[PDB]
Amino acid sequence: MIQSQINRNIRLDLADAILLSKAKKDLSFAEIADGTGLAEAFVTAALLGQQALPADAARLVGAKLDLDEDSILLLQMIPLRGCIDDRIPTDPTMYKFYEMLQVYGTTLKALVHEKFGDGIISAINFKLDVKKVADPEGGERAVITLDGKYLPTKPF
């Protein structure tokens, strides 16, 4: 039977223990998500308390990280989602995504309505991925792809 959480700190504590294990084993997130059938981002978001793993993926990543039974079971719980400590990120890496919203949120609204119509892009019916790409000027670029279903507001 589906089980769900109501206090994010139970899964966030476990996130921290997972990350300590990961480090001691010198693991990558790519290699933890290998063999689960599930994208890097999805599996990583789960370890970090933001998705549920199916029973088999839970058992497999739990094997790779030496997790007790209670942990493997926590990973299959539907989480109380929300990874930002207090609304606005302090961490520069995370912050720059928030800054993208402070610069473009209204343009994104404006252009979503023009191209699709009244309503929203889903973050539920949704995938993302992060791709490292060569910058043609030297260095590297991240291509983060947000792929969500257009959901129209339709009048009643």
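Numbering starts at 1 and follows the sequence shown.
- Query: Once you work out the mean C-alpha B-factor for both 132 to 140 and 20 to 28 from the entry, which is higher?
  - Reply: Comparing 20 to 28 with 132 to 140, the higher mean C-alpha B-factor belongs to 132 to 140.
- Per the entry, higher mean C-alpha B factor between 109 to 117 and 64 to 72: The deposited B-factors put 64 to 72 ahead on the C-alpha mean.
- Hey, out of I88, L101, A46, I124, whose CA B-factor is highest in the deposited coordinates? Of the options given, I124 has the highest CA B-factor in the PDB entry.
- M94: which third of its chain by C-alpha temperature factor? CA B-factor rank for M94: lowest third.
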